[PDB]
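One structure is given here, and the rest of the page talks about it.
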Amino acid sequence: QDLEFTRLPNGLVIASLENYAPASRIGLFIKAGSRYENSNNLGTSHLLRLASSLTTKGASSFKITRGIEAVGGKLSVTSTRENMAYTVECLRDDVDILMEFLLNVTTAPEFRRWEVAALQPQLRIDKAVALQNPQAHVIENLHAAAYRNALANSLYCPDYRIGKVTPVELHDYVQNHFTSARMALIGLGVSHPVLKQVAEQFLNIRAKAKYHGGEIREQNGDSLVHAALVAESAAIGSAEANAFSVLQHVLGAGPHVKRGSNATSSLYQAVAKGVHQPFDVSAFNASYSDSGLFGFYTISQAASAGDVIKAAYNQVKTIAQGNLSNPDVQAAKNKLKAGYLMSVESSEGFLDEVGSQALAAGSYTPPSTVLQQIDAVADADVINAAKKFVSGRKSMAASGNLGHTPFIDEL
Amino acid sequence: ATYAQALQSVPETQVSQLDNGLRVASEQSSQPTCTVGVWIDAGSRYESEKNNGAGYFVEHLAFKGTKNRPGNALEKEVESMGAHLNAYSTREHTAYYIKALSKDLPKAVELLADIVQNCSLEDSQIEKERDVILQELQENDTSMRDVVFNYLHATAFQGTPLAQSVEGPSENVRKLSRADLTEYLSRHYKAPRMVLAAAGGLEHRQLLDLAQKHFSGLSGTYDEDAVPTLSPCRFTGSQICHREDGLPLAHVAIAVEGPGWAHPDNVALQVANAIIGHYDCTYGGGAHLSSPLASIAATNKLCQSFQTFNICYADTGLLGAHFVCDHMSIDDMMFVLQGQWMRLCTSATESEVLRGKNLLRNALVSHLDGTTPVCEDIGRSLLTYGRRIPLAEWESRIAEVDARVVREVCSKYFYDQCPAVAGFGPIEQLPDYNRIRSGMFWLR
Amino acid sequence: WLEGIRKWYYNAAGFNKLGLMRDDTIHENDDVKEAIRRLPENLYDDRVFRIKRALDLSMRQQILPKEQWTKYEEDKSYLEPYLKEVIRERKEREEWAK
Amino acid sequence: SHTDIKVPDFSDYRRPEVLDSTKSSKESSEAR
C-alpha cells in the first residue's frame, strides 16, 4: 500500500500505511521538546517523559497500566530537544483501546500533585543512569556552549529543580505547546479514516537557537578523555545539510564492520598514522529545524588526546583546502544511502522518519527522492562544507583527565 | 483485516539444499534492504578444554584477511558498499551476516564464501588478536552480568562442555596455535551442518545461483568419524557464591534444567516467565504493574532490576531469573520470587495466563521487525528445529494453553527440583541452598 | 424536620465544643491515611492544630467558649472529596482482579 | 579471570546414578 497523508484545518496532520502487519503501531509526534523550556521551568520535559502512565480525566493510572498489559501492548516515550513522541504497540484487534489510553495521557491529563511528587526522585535515577554513558555529559555540556537559550537546554532535569517542578508549570506547558497545530498523528497497520475519526473527535483542540560558541571542561577521574569539537551547521532539509551528511561519512561516522580497523575512515586512519595507542573517533552531525551542529567526537587517553584532536582537525582541514576525490565522495554517498534506508527498515525507525518530516514538512518525502538528493550533492559543496567547520567559530566540550588537553584557540 | 488474517498474509519461507549438503532458505519482502548471513551448528559445546576459545578466536581473524582479499582489503569492500558486517558466537551456534541493500546481494554472498572458505589466519594477526582477547577478558571481568551466567553454566553443567565459556580460559588464549584452528575449522565447518539464509528485497532463486556459484565448493562430506555428535549433558543442583563486598551491587541468578529447543512445553514456559515479566528502576508503572513481583519490588525498593530467561540448548536448557539488589535485600527477593513460581505450580488464573499469552504474541511479532532478526529466526530455527515455524503455528500452539497447562508444566520443572544458583558481590544475606531448596516447595 | 435533627445530634455529640470539625474525627484507616497524605500543607497543618488543641482540652477536661465552637453549617467536609476518590480507586483494584 | 574459574571434581561424593556427565539426571531424580 501507499502512505496516506493529509492535514486538518486546525493544523493537525494524519498519515496511515496499512502494512498488513499483525501488530499495529501508532505514534503521536509533536514540537514540544526541551528547547521550548525557559530558564524557570527546566526539567519539565524530563518529568513528562515519566508523567505518562499517570492519572487522567479519562482514566486512572492503574487502569492505564493494566489495560495496556492485559492486551500485552506497549507504551514508550521518545524525546528530542525539538520533538517529543508518544508511541504504542499492540495487535490490530486491540487498536481502539490503546488510543483511548494514548489520548487521555496527551489530551487531558490531570497531573494530581501527589503522584507528581512521588515521581520526582525518579528523575535522579533516569538521569544518572543515562549519564553512566559518558557521551551524555559531553553532548549536553556541548549544546550548553554552542548555543545560548533554546537548543542549549538539556533534556535532563538539572539537580536543583528536583522536587520543585509543579503541576502548574506542566498544565501551562501542556496548554502552551500541546496544540493541534504542532501535532502529527501516525499509525501503521491501521486505516486512515479511523485516525480521522479519532482526531476529529478528540484531538480537535486549540525561541531561537542563537549560536555563541564556547567551551566546557569537566575535569573528572577517568583514564579516557571524551571530547568533541564542532561548529555551526545548516538546518535539516537544506541541500547544504546533505553535504555535511555526506562529509560525515567521508570522515567515518563509526564502524560498519565488527572490530574493523575503519579502513576508509580518514580520521581514524589519520590518527593512526600519528598515534599507536588505543583510541576512537567519528563524525558528529546534529541537525535541527532552526540550526544544527557538525564536527567530530573524540575518545582518547589522558596523555594523548592533544595529538588525536589535532590530527582529526587537520584531516578535515586538508579536505577543506581541496584534497578530496570523487570516488571517496561516491563511497560516502553509498554509505549515506544505506544509513537512511537501514534506519527506516523497521516499523519503528520508519515511524520516526515519517512524522519528523510531517512536523518539519507539509508532506512525506519518499526515500527514493531522498536518494536523488544524495546524488545531487556536489564534491565542492562538501569541500565548502569543511571550510565552514574550519573557518566558522567553534564550540568545544570535554570530560576526563584533561591534564594534556588543548583549548579551541590552540587548534 | 484481523490479527489472524495478517498472519495469513505473512510471506511463506522458502527452503532448498545443495548437493554438498548445505541448506538454503529465504523470505521475500518488498523492502529495499536485505540481511543475509550464515548460521552454523558450532560453538563451545563442541569444543574441548584444549580448544576452548577457538570458535571465539576465529571470530576476529575471519575479518582480517583472506587468500583472495588479504589484510584489511575485505573491510574496504564492505564500507565501500555502505553495508554493515557483524558476527556473534554462542555455546552452540555461530553466525556471520551482512546487512546490505537489495541490489548488493551478489557481493554479500561473494564475501561470506571467502570469509568462511579462505580465512588466511595470518600468524602476525594471530598474535595481535591474542593480545586483544586477553584485554577483552579483563573488560568482561567488569561486565558482572556476563560473569554470572558463565559461573552459572559452570555449575549447572559441570563436567560437560556447556560449563565452558564461548571465550574459554585465558590460558588457552595464550596456549593456542594456528594448527588448533585448522583442526577446528576443517572439522566443524561442513555444509550439512551449516545454513545460508536471508530476508528482505531479494528472491530465493537469486540466492541459489550464487550458492552454487560459490558454496558448491564446500566439503559436503567427511570421514567415518570426523563430525562429532552431541550427547545429553549432566545438569546438577549446585551453588556458586563469589563473595566480593567491595562492589556496591549484587547480581544473582538461579535456574533449573530446561527442556531443550524442540520440546513443545517451551511455549508454555515463555508465558510463565512473561507472567513474572521483568523490571528495571526506570519503568514508570511502579506499584500499579501487573506482575505482583514487579509491583512489590517497585513499592518496597527490594531491587534495581530483574528479568526472566529461558535459555534453550539442544536437549536441555536453563530456566530461571536474574536480578540485582542491595546486599540488605536479597532474602526478601528469593522469598517472593519462589513464591510466584510455586503460586503458578498450584494456582494460576486464566486472566493472568491470558495476560501472559498476549505478551508472548507481541514479542514474537515485535522481535520480527527488520530483515536482520528475521533471517536470524530463519537460521537458528533451521538448525535447532530443522525447519522454521510461522507465527500462525506459534499462535496455534499458544491457543492450546490455559491455566491447567501452566500448573502442570511448572510443577514438572519448578516444584521440588534441585536448581543451580549463582552469586557475585555482597551476597552474605543469600539464603543457603537448603533454604533456597526449602522454598522450592510449599506445605500446601 | 430531619435537618433540625441532624443539627441537634451535632451539638449533642460535642466535638464542636472542642473546636473540631467532622473529618478530624474519622477512624484512622488505610483508605484514610492515603487521603490525608494527599492533603495540602495549609489544610493539613490546620488539621493537626485542631487536634492538638482538642487533646490539650480533654487532658484538662475543659472546653472552649461558645464563640469558638464549630457551627453545623460551617462543618467543612474538607476530606471527603479526596477520600471518595481513594475508595473509588480501591474498588477498581478489586474489580480488576475479578 | 572469571573464565579461568572452573569447578573441581565432586565425583568422590556424587551419587553413582549421576557420575556420567553424558546422561540426563532427570531420569532418576524421582528415585533420588
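In the C-alpha cells, each chain is lettered A, B, ... as it comes, each chain's residues begin at 1, and ligands are numbered from 1 in order of appearance.
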
Exercise for the section: Excluding residue 40 (chain C) and any residue of its chain fewer than 4 positions from it, enumerate the residues within 12 Å of it, using only C-alpha atoms, and give them as an NGL selection string. Expected result: (:A and (112-114)) or (:C and (35-36 or 44-47 or 78-79 or 82))

Identify every residue of chain A that has at least one atom within 10 Å of any atom of chain C, counting only C-alpha atoms, and report the result as a PDB file with N, CA and C atoms, in the first residue's frame.
ATOM      1  N   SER A  60      -7.692   6.281  35.252  1.00  0.00           N
ATOM      2  CA  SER A  60      -6.734   6.347  36.337  1.00  0.00           C
ATOM      3  C   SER A  60      -5.434   5.675  35.933  1.00  0.00           C
ATOM      4  N   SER A  61      -4.390   5.957  36.709  1.00  0.00           N
ATOM      5  CA  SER A  61      -3.077   5.413  36.408  1.00  0.00           C
ATOM      6  C   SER A  61      -3.065   3.898  36.490  1.00  0.00           C
ATOM      7  N   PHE A  62      -3.956   3.316  37.284  1.00  0.00           N
ATOM      8  CA  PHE A  62      -3.996   1.866  37.396  1.00  0.00           C
ATOM      9  C   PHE A  62      -4.663   1.249  36.183  1.00  0.00           C
ATOM     10  N   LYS A  63      -5.752   1.857  35.725  1.00  0.00           N
ATOM     11  CA  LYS A  63      -6.457   1.331  34.566  1.00  0.00           C
ATOM     12  C   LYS A  63      -5.574   1.365  33.333  1.00  0.00           C
ATOM     13  N   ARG A  66      -2.646  -1.501  33.576  1.00  0.00           N
ATOM     14  CA  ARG A  66      -3.067  -2.882  33.409  1.00  0.00           C
ATOM     15  C   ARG A  66      -3.795  -3.077  32.089  1.00  0.00           C
ATOM     16  N   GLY A  67      -4.622  -2.104  31.702  1.00  0.00           N
ATOM     17  CA  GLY A  67      -5.362  -2.216  30.457  1.00  0.00           C
ATOM     18  C   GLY A  67      -4.455  -2.379  29.260  1.00  0.00           C
ATOM     19  N   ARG A 112      -2.283  15.250  39.104  1.00  0.00           N
ATOM     20  CA  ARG A 112      -2.553  15.433  40.515  1.00  0.00           C
ATOM     21  C   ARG A 112      -1.242  15.424  41.280  1.00  0.00           C
ATOM     22  N   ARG A 113      -1.101  16.372  42.203  1.00  0.00           N
ATOM     23  CA  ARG A 113       0.222  16.765  42.665  1.00  0.00           C
ATOM     24  C   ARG A 113       0.939  15.657  43.422  1.00  0.00           C
ATOM     25  N   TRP A 114       0.208  14.818  44.150  1.00  0.00           N
ATOM     26  CA  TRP A 114       0.887  13.813  44.954  1.00  0.00           C
ATOM     27  C   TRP A 114       1.556  12.768  44.077  1.00  0.00           C
ATOM     28  N   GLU A 115       0.886  12.360  43.002  1.00  0.00           N
ATOM     29  CA  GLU A 115       1.501  11.451  42.049  1.00  0.00           C
ATOM     30  C   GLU A 115       2.754  12.070  41.467  1.00  0.00           C
TER      31      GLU A 115
END

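Counting from CA of residue 72 (chain C), the distance to CA of residue 19 (chain C) is 11.6 Å.
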
Practice task
Quick one: pull the distance between CA of residue 250 (chain A) and CA of residue 308 (chain A), Å, one decimal.
Solution key: 17.8 Å

Practice task
For chain D, list the residues within 6 Å of chain B, counting only C-alpha atoms, and write the list as JSON, numbers by chain.
Solution key: {"D": [3, 4, 21, 22, 23, 24]}

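One distance worth recording is that between CA of residue 87 (chain B) and CA of residue 376 (chain B), which is 11.5 Å.
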
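Proximity to residue 68 (chain A) was assessed for A:382, A:371, A:90, A:321 counting only C-alpha atoms; the smallest distance is recorded for A:90.
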
Exercise answer, chain B residues close to chain A, 8 Å and only C-alpha atoms, as a PDB file with C-alpha atoms, in the first residue's frame:
ATOM      1  CA  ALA B   1      -8.289  -7.455   8.222  1.00  0.00           C
ATOM      2  CA  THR B   2      -7.782  -9.131  11.594  1.00  0.00           C
ATOM      3  CA  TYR B   3      -4.817 -10.472  13.531  1.00  0.00           C
ATOM      4  CA  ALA B   4      -5.327 -13.936  12.078  1.00  0.00           C
ATOM      5  CA  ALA B   6      -2.339 -10.713   8.942  1.00  0.00           C
ATOM      6  CA  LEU B   7      -0.744 -13.994   9.990  1.00  0.00           C
ATOM      7  CA  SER B   9      -0.569 -12.806   4.655  1.00  0.00           C
ATOM      8  CA  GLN B  31      11.858  -3.949   1.412  1.00  0.00           C
ATOM      9  CA  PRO B  32      14.722  -2.239  -0.434  1.00  0.00           C
ATOM     10  CA  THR B  33      17.169  -3.646   2.121  1.00  0.00           C
ATOM     11  CA  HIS B  60      38.279 -11.928  14.984  1.00  0.00           C
ATOM     12  CA  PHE B  63      37.553 -10.245   9.167  1.00  0.00           C
ATOM     13  CA  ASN B  72      42.006  -5.179   5.556  1.00  0.00           C
ATOM     14  CA  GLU B  75      36.866  -4.370   5.208  1.00  0.00           C
ATOM     15  CA  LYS B  76      37.338  -1.906   2.356  1.00  0.00           C
ATOM     16  CA  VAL B  78      32.084  -3.563   2.897  1.00  0.00           C
ATOM     17  CA  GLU B  79      32.499   0.101   3.763  1.00  0.00           C
ATOM     18  CA  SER B  80      32.730   0.844   0.044  1.00  0.00           C
ATOM     19  CA  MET B  81      29.218  -0.546  -0.399  1.00  0.00           C
ATOM     20  CA  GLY B  82      27.913   1.122   2.755  1.00  0.00           C
ATOM     21  CA  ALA B  83      26.763  -2.231   4.106  1.00  0.00           C
ATOM     22  CA  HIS B  84      27.365  -3.424   7.654  1.00  0.00           C
ATOM     23  CA  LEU B  85      29.130  -6.569   8.796  1.00  0.00           C
ATOM     24  CA  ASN B  86      28.747  -8.386  12.067  1.00  0.00           C
ATOM     25  CA  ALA B  87      29.265 -11.666  13.880  1.00  0.00           C
ATOM     26  CA  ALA B 100      23.030  -4.503   2.931  1.00  0.00           C
ATOM     27  CA  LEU B 101      20.793  -3.318   0.126  1.00  0.00           C
ATOM     28  CA  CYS B 281      14.158   1.049  38.144  1.00  0.00           C
ATOM     29  CA  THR B 282      13.379   3.155  35.040  1.00  0.00           C
ATOM     30  CA  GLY B 284       7.287   4.283  35.306  1.00  0.00           C
ATOM     31  CA  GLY B 285       4.481   1.899  36.138  1.00  0.00           C
ATOM     32  CA  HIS B 288       0.406  -0.418  39.509  1.00  0.00           C
ATOM     33  CA  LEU B 289       2.125  -3.032  37.338  1.00  0.00           C
ATOM     34  CA  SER B 290       0.513  -6.424  36.904  1.00  0.00           C
ATOM     35  CA  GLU B 352      -3.102 -13.597  34.057  1.00  0.00           C
ATOM     36  CA  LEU B 354      -4.214 -14.658  29.091  1.00  0.00           C
ATOM     37  CA  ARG B 355      -2.195 -11.607  30.093  1.00  0.00           C
ATOM     38  CA  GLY B 356       0.948 -13.635  29.585  1.00  0.00           C
ATOM     39  CA  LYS B 357      -0.187 -15.047  26.268  1.00  0.00           C
ATOM     40  CA  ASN B 358      -0.822 -11.610  24.793  1.00  0.00           C
ATOM     41  CA  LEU B 359       2.731 -10.675  25.735  1.00  0.00           C
ATOM     42  CA  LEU B 360       4.212 -13.694  24.008  1.00  0.00           C
ATOM     43  CA  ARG B 361       2.237 -12.850  20.887  1.00  0.00           C
ATOM     44  CA  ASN B 362       3.612  -9.321  20.695  1.00  0.00           C
ATOM     45  CA  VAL B 365       5.790 -10.132  16.254  1.00  0.00           C
ATOM     46  CA  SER B 366       7.851  -7.242  17.573  1.00  0.00           C
ATOM     47  CA  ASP B 369      10.662  -6.351  12.573  1.00  0.00           C
ATOM     48  CA  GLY B 370      13.612  -5.848  10.243  1.00  0.00           C
ATOM     49  CA  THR B 371      15.454  -8.021   7.751  1.00  0.00           C
TER      50      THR B 371
END

Tell me, as a CSV table (one decimal) with N, CA and C atoms, in the first residue's frame, which residues lie within 8 Å of residue 71 (chain C), counting only C-alpha atoms; anything in the same chain fewer than 3 positions away does not count.
chain,number,residue,atom,x,y,z
C,16,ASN,N,-17.8,19.8,68.4
C,16,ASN,CA,-17.8,21.3,68.2
C,16,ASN,C,-17.3,21.9,69.5
C,74,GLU,N,-21.1,25.5,59.3
C,74,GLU,CA,-19.7,25.7,59.0
C,74,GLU,C,-18.9,24.4,59.0
C,75,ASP,N,-19.5,23.2,59.2
C,75,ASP,CA,-18.8,22.0,59.3
C,75,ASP,C,-18.3,21.6,57.9

Mind the document's chain letters and residue numbers, and return as a PDB file with N, CA, C and O atoms, in the first residue's frame the residues of region 207-442 of chain B that DSSP labels strand (DSSP E or B).
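Done, and the output landed in part-v3.pdb:
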ATOM      1  N   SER B 238      23.379 -27.154  42.365  1.00  0.00           N
ATOM      2  CA  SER B 238      24.606 -26.653  42.958  1.00  0.00           C
ATOM      3  C   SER B 238      24.478 -25.158  43.175  1.00  0.00           C
ATOM      4  O   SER B 238      23.484 -24.533  42.800  1.00  0.00           O
ATOM      5  N   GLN B 239      25.509 -24.596  43.787  1.00  0.00           N
ATOM      6  CA  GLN B 239      25.565 -23.185  44.103  1.00  0.00           C
ATOM      7  C   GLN B 239      27.000 -22.730  43.972  1.00  0.00           C
ATOM      8  O   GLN B 239      27.936 -23.474  44.267  1.00  0.00           O
ATOM      9  N   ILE B 240      27.153 -21.496  43.526  1.00  0.00           N
ATOM     10  CA  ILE B 240      28.436 -20.823  43.478  1.00  0.00           C
ATOM     11  C   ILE B 240      28.249 -19.417  44.008  1.00  0.00           C
ATOM     12  O   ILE B 240      27.325 -18.709  43.597  1.00  0.00           O
ATOM     13  N   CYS B 241      29.125 -19.019  44.911  1.00  0.00           N
ATOM     14  CA  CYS B 241      28.960 -17.809  45.704  1.00  0.00           C
ATOM     15  C   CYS B 241      30.295 -17.077  45.702  1.00  0.00           C
ATOM     16  O   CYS B 241      31.135 -17.292  46.578  1.00  0.00           O
ATOM     17  N   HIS B 242      30.482 -16.220  44.710  1.00  0.00           N
ATOM     18  CA  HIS B 242      31.706 -15.444  44.575  1.00  0.00           C
ATOM     19  C   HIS B 242      31.549 -14.172  45.388  1.00  0.00           C
ATOM     20  O   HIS B 242      30.941 -13.201  44.943  1.00  0.00           O
ATOM     21  N   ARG B 243      32.124 -14.179  46.574  1.00  0.00           N
ATOM     22  CA  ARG B 243      31.963 -13.082  47.508  1.00  0.00           C
ATOM     23  C   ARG B 243      32.888 -11.934  47.138  1.00  0.00           C
ATOM     24  O   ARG B 243      34.101 -12.122  47.004  1.00  0.00           O
ATOM     25  N   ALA B 250      24.703  -6.457  43.911  1.00  0.00           N
ATOM     26  CA  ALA B 250      24.746  -7.904  43.971  1.00  0.00           C
ATOM     27  C   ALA B 250      23.938  -8.510  42.844  1.00  0.00           C
ATOM     28  O   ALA B 250      22.705  -8.472  42.873  1.00  0.00           O
ATOM     29  N   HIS B 251      24.628  -9.095  41.880  1.00  0.00           N
ATOM     30  CA  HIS B 251      23.991  -9.865  40.831  1.00  0.00           C
ATOM     31  C   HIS B 251      23.723 -11.271  41.324  1.00  0.00           C
ATOM     32  O   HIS B 251      24.546 -11.862  42.025  1.00  0.00           O
ATOM     33  N   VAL B 252      22.559 -11.788  40.969  1.00  0.00           N
ATOM     34  CA  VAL B 252      22.137 -13.124  41.346  1.00  0.00           C
ATOM     35  C   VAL B 252      21.517 -13.787  40.131  1.00  0.00           C
ATOM     36  O   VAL B 252      20.959 -13.115  39.259  1.00  0.00           O
ATOM     37  N   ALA B 253      21.629 -15.102  40.071  1.00  0.00           N
ATOM     38  CA  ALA B 253      20.992 -15.879  39.034  1.00  0.00           C
ATOM     39  C   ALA B 253      20.743 -17.281  39.533  1.00  0.00           C
ATOM     40  O   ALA B 253      21.676 -17.986  39.928  1.00  0.00           O
ATOM     41  N   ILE B 254      19.481 -17.672  39.498  1.00  0.00           N
ATOM     42  CA  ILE B 254      19.041 -19.004  39.867  1.00  0.00           C
ATOM     43  C   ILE B 254      18.296 -19.593  38.692  1.00  0.00           C
ATOM     44  O   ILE B 254      17.602 -18.883  37.962  1.00  0.00           O
ATOM     45  N   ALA B 255      18.447 -20.896  38.500  1.00  0.00           N
ATOM     46  CA  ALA B 255      17.736 -21.553  37.425  1.00  0.00           C
ATOM     47  C   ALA B 255      17.713 -23.051  37.667  1.00  0.00           C
ATOM     48  O   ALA B 255      18.237 -23.556  38.662  1.00  0.00           O
ATOM     49  N   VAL B 256      17.097 -23.754  36.721  1.00  0.00           N
ATOM     50  CA  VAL B 256      16.902 -25.192  36.771  1.00  0.00           C
ATOM     51  C   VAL B 256      17.231 -25.764  35.402  1.00  0.00           C
ATOM     52  O   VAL B 256      17.666 -25.057  34.495  1.00  0.00           O
ATOM     53  N   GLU B 257      16.997 -27.060  35.256  1.00  0.00           N
ATOM     54  CA  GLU B 257      17.169 -27.704  33.967  1.00  0.00           C
ATOM     55  C   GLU B 257      16.003 -27.363  33.056  1.00  0.00           C
ATOM     56  O   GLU B 257      14.849 -27.320  33.488  1.00  0.00           O
ATOM     57  N   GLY B 258      16.312 -27.146  31.784  1.00  0.00           N
ATOM     58  CA  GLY B 258      15.326 -26.778  30.802  1.00  0.00           C
ATOM     59  C   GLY B 258      14.963 -27.953  29.919  1.00  0.00           C
ATOM     60  O   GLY B 258      15.616 -29.000  29.953  1.00  0.00           O
ATOM     61  N   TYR B 279      11.790  -6.162  35.084  1.00  0.00           N
ATOM     62  CA  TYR B 279      11.718  -4.855  35.705  1.00  0.00           C
ATOM     63  C   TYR B 279      13.087  -4.206  35.744  1.00  0.00           C
ATOM     64  O   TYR B 279      14.111  -4.880  35.866  1.00  0.00           O
ATOM     65  N   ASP B 280      13.078  -2.883  35.621  1.00  0.00           N
ATOM     66  CA  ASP B 280      14.203  -2.039  35.972  1.00  0.00           C
ATOM     67  C   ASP B 280      13.665  -0.892  36.805  1.00  0.00           C
ATOM     68  O   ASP B 280      12.453  -0.692  36.909  1.00  0.00           O
ATOM     69  N   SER B 305      16.536  -4.178  39.514  1.00  0.00           N
ATOM     70  CA  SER B 305      16.367  -4.820  38.224  1.00  0.00           C
ATOM     71  C   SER B 305      16.171  -6.310  38.415  1.00  0.00           C
ATOM     72  O   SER B 305      16.674  -6.895  39.375  1.00  0.00           O
ATOM     73  N   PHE B 306      15.445  -6.909  37.479  1.00  0.00           N
ATOM     74  CA  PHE B 306      15.400  -8.355  37.337  1.00  0.00           C
ATOM     75  C   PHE B 306      14.722  -8.682  36.022  1.00  0.00           C
ATOM     76  O   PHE B 306      14.285  -7.799  35.284  1.00  0.00           O
ATOM     77  N   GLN B 307      14.633  -9.975  35.746  1.00  0.00           N
ATOM     78  CA  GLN B 307      14.127 -10.456  34.474  1.00  0.00           C
ATOM     79  C   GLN B 307      13.849 -11.947  34.591  1.00  0.00           C
ATOM     80  O   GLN B 307      13.919 -12.533  35.673  1.00  0.00           O
ATOM     81  N   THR B 308      13.519 -12.555  33.459  1.00  0.00           N
ATOM     82  CA  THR B 308      13.186 -13.968  33.360  1.00  0.00           C
ATOM     83  C   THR B 308      13.681 -14.478  32.020  1.00  0.00           C
ATOM     84  O   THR B 308      13.275 -13.995  30.963  1.00  0.00           O
ATOM     85  N   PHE B 309      14.546 -15.479  32.079  1.00  0.00           N
ATOM     86  CA  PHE B 309      15.152 -16.033  30.887  1.00  0.00           C
ATOM     87  C   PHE B 309      14.800 -17.499  30.756  1.00  0.00           C
ATOM     88  O   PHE B 309      14.484 -18.180  31.733  1.00  0.00           O
ATOM     89  N   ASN B 310      14.867 -17.972  29.521  1.00  0.00           N
ATOM     90  CA  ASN B 310      14.774 -19.389  29.215  1.00  0.00           C
ATOM     91  C   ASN B 310      15.772 -19.677  28.109  1.00  0.00           C
ATOM     92  O   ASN B 310      15.460 -19.540  26.924  1.00  0.00           O
ATOM     93  N   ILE B 311      16.977 -20.068  28.502  1.00  0.00           N
ATOM     94  CA  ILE B 311      17.983 -20.447  27.529  1.00  0.00           C
ATOM     95  C   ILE B 311      17.720 -21.889  27.145  1.00  0.00           C
ATOM     96  O   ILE B 311      17.524 -22.756  28.004  1.00  0.00           O
ATOM     97  N   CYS B 312      17.716 -22.144  25.845  1.00  0.00           N
ATOM     98  CA  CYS B 312      17.359 -23.431  25.282  1.00  0.00           C
ATOM     99  C   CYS B 312      18.567 -23.988  24.553  1.00  0.00           C
ATOM    100  O   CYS B 312      19.096 -23.341  23.646  1.00  0.00           O
ATOM    101  N   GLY B 317      18.231 -27.049  28.888  1.00  0.00           N
ATOM    102  CA  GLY B 317      18.389 -25.616  28.960  1.00  0.00           C
ATOM    103  C   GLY B 317      18.314 -25.132  30.386  1.00  0.00           C
ATOM    104  O   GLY B 317      18.144 -25.909  31.328  1.00  0.00           O
ATOM    105  N   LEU B 318      18.450 -23.820  30.521  1.00  0.00           N
ATOM    106  CA  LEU B 318      18.315 -23.142  31.795  1.00  0.00           C
ATOM    107  C   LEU B 318      17.004 -22.383  31.828  1.00  0.00           C
ATOM    108  O   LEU B 318      16.561 -21.837  30.813  1.00  0.00           O
ATOM    109  N   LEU B 319      16.393 -22.357  33.004  1.00  0.00           N
ATOM    110  CA  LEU B 319      15.122 -21.687  33.219  1.00  0.00           C
ATOM    111  C   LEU B 319      15.166 -21.055  34.590  1.00  0.00           C
ATOM    112  O   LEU B 319      15.345 -21.758  35.586  1.00  0.00           O
ATOM    113  N   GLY B 320      14.984 -19.749  34.649  1.00  0.00           N
ATOM    114  CA  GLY B 320      15.056 -19.091  35.927  1.00  0.00           C
ATOM    115  C   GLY B 320      14.982 -17.588  35.846  1.00  0.00           C
ATOM    116  O   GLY B 320      14.091 -17.040  35.194  1.00  0.00           O
ATOM    117  N   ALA B 321      15.906 -16.905  36.509  1.00  0.00           N
ATOM    118  CA  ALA B 321      15.824 -15.460  36.566  1.00  0.00           C
ATOM    119  C   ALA B 321      17.121 -14.863  37.074  1.00  0.00           C
ATOM    120  O   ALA B 321      17.909 -15.508  37.766  1.00  0.00           O
ATOM    121  N   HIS B 322      17.303 -13.605  36.720  1.00  0.00           N
ATOM    122  CA  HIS B 322      18.457 -12.795  37.046  1.00  0.00           C
ATOM    123  C   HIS B 322      17.959 -11.581  37.796  1.00  0.00           C
ATOM    124  O   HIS B 322      16.880 -11.067  37.502  1.00  0.00           O
ATOM    125  N   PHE B 323      18.727 -11.122  38.774  1.00  0.00           N
ATOM    126  CA  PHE B 323      18.288  -9.926  39.463  1.00  0.00           C
ATOM    127  C   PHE B 323      19.429  -9.272  40.207  1.00  0.00           C
ATOM    128  O   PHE B 323      20.403  -9.911  40.605  1.00  0.00           O
ATOM    129  N   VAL B 324      19.273  -7.968  40.374  1.00  0.00           N
ATOM    130  CA  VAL B 324      20.233  -7.097  41.021  1.00  0.00           C
ATOM    131  C   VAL B 324      19.564  -6.488  42.232  1.00  0.00           C
ATOM    132  O   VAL B 324      18.404  -6.076  42.156  1.00  0.00           O
ATOM    133  N   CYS B 325      20.286  -6.412  43.338  1.00  0.00           N
ATOM    134  CA  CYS B 325      19.694  -5.833  44.525  1.00  0.00           C
ATOM    135  C   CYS B 325      20.768  -5.517  45.545  1.00  0.00           C
ATOM    136  O   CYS B 325      21.890  -6.023  45.476  1.00  0.00           O
ATOM    137  N   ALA B 420      20.204 -24.627  40.099  1.00  0.00           N
ATOM    138  CA  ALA B 420      21.532 -24.048  40.088  1.00  0.00           C
ATOM    139  C   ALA B 420      21.427 -22.608  40.531  1.00  0.00           C
ATOM    140  O   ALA B 420      20.486 -21.909  40.163  1.00  0.00           O
ATOM    141  N   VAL B 421      22.409 -22.171  41.300  1.00  0.00           N
ATOM    142  CA  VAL B 421      22.412 -20.854  41.909  1.00  0.00           C
ATOM    143  C   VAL B 421      23.769 -20.221  41.680  1.00  0.00           C
ATOM    144  O   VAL B 421      24.795 -20.905  41.640  1.00  0.00           O
ATOM    145  N   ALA B 422      23.768 -18.905  41.546  1.00  0.00           N
ATOM    146  CA  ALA B 422      24.987 -18.159  41.338  1.00  0.00           C
ATOM    147  C   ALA B 422      24.884 -16.811  42.012  1.00  0.00           C
ATOM    148  O   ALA B 422      23.799 -16.242  42.121  1.00  0.00           O
ATOM    149  N   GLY B 423      26.023 -16.313  42.452  1.00  0.00           N
ATOM    150  CA  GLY B 423      26.084 -15.041  43.140  1.00  0.00           C
ATOM    151  C   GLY B 423      27.425 -14.391  42.922  1.00  0.00           C
ATOM    152  O   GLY B 423      28.437 -15.057  42.716  1.00  0.00           O
ATOM    153  N   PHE B 424      27.417 -13.072  42.979  1.00  0.00           N
ATOM    154  CA  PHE B 424      28.624 -12.301  42.749  1.00  0.00           C
ATOM    155  C   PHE B 424      28.460 -10.940  43.384  1.00  0.00           C
ATOM    156  O   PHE B 424      27.674 -10.127  42.892  1.00  0.00           O
ATOM    157  N   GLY B 425      29.210 -10.698  44.452  1.00  0.00           N
ATOM    158  CA  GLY B 425      29.114  -9.476  45.200  1.00  0.00           C
ATOM    159  C   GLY B 425      28.719  -9.739  46.632  1.00  0.00           C
ATOM    160  O   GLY B 425      28.840 -10.858  47.135  1.00  0.00           O
TER     161      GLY B 425
END

Exercise for the section: Please provide the set of residues having any atom within 10 Å of region 184-192 of chain B, restricted to only C-alpha atoms, with same-chain residues fewer than 3 positions apart removed, written as JSON, numbers by chain. Expected result: {"B": [17, 18, 19, 20, 21, 22, 23, 40, 41, 42, 43, 46, 47, 51, 54, 55, 58, 116, 117, 119, 178, 179, 180, 181, 195, 196, 215, 216, 217, 218, 219, 220, 221, 222, 223, 226, 227, 228]}
